[PDB]
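Asks: Show me the folded form of this:
(one chain, ligands or ions: 2)
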Amino acid sequence: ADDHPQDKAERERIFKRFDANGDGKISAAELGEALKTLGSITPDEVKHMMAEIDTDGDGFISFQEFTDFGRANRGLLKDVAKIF
Ligand SMILES: [Ca+2]
Ligand SMILES: [Ca+2]
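Replies: Numbering: from 1, shown residues only. Ligands and ions are numbered 1, 2, ... in the order given. What follows is the structure:
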């Protein structure tokens, strides 16, 4: 319960930035395109992240999936929340 709705706004803003078209699902091309912001990453790493973030395995990450994974590494989202 310590988690508040304000935090979701951060995850929603970060997940919303990944969704290129905004269909609720992010594909390697979408996540990879946003990941490019790192300026030092490869497509094979972005594809692996999806295989790890993809809870069902449909090939895309949804806000719900990103949230479940964001909780496993909240400290990770704080790093991307600064890149954008
Ligand atoms: Ca999408
Ligand atoms: Ca999925």
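Asks: okay, now the closest residue in space to residue 12 that isn't next to it in sequence: neighbour count?
Replies: If you skip the residues right next to it in sequence, residue 12 has residue 63 as its closest partner in space, 6.5 Å away by Cβ to Cβ, 6 or more residues apart in numbering. In this view, the C-beta of every residue, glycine as well, is placed from N, C-alpha and C. Neighbours of residue 63 under the rule other Cβ atoms under 10 Å: 19.
Asks: try residue 56
Replies: Residue 56: 9 neighbours (other Cβ under 10 Å).
Asks: Same check on the one 3 residues further on?
Replies: Using other Cβ under 10 Å, residue 59 is surrounded by 13 other residues.
Asks: pretty sure it belongs to a helix, no?
Replies: No: the assignment for residue 59, made by DSSP: H, G, I helix; E, B strand; the rest coil, is coil rather than a helix.
Asks: give the contact list for the residue lying closest to it once chain neighbours are set aside.
Replies: Nearest residue to residue 59, sequence neighbours excluded (Cβ to Cβ, 6+ apart): residue 27, at 6.3 Å. Contacts here follow Cβ atoms under 8 Å, 6 or more residues apart in numbering; on that basis residue 27 touches 50, 59, 60.
Asks: Thank you, goodbye.
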